[PDB]
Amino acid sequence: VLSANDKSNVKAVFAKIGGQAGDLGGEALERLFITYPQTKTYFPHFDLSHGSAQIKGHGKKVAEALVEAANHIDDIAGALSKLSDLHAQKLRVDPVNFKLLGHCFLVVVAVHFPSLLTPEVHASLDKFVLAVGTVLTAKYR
């Protein structure tokens, strides 16, 4: 479930972010690894030095997926369909980790755009990130 105002708030967030999305994706990953060190176990061979090409590269990919989810906000499940296979079937990612990355993305938005993230926009973006995590954990069987 996402209301019409929720969809409007998510669109406002990502329009504001614009081309910065990739770099924000990189910061969210960095914050994830540092604050929740158990998440590194999914990336055992990553160069984890601040601003590594791997973190920046993968961060771009994560953010682009979020941009696609936002642009296809009425059909998130269809937009991230193939990515649900990778995370659920292949990588077997513990569902609690998606909550952690979503929170880190909110932190990154808060750091860069404090006036954007009003209480109501916070709520919408929370619902959006949790919907993304739900889609990516949809099919485990």
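Start at 1 with the first residue shown and count on from there.
In this entry, the higher average B-factor at the C-alpha atoms falls on 82-90, of the pair 82-90 and 38-46.
Legend: mean Cα B-factor per stretch from the PDB entry, 72-80 versus 107-115; the higher mean is in 72-80.
Across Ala131, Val10, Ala123, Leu24, the entry's maximum B-factor at the CA atom is seen for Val10.
Sort the modelled residues of the chain by CA B factor and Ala53 lands in the middle third.
Residue-level temperature factors show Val67 in the highest third of its chain, judged at the C-alpha atom.
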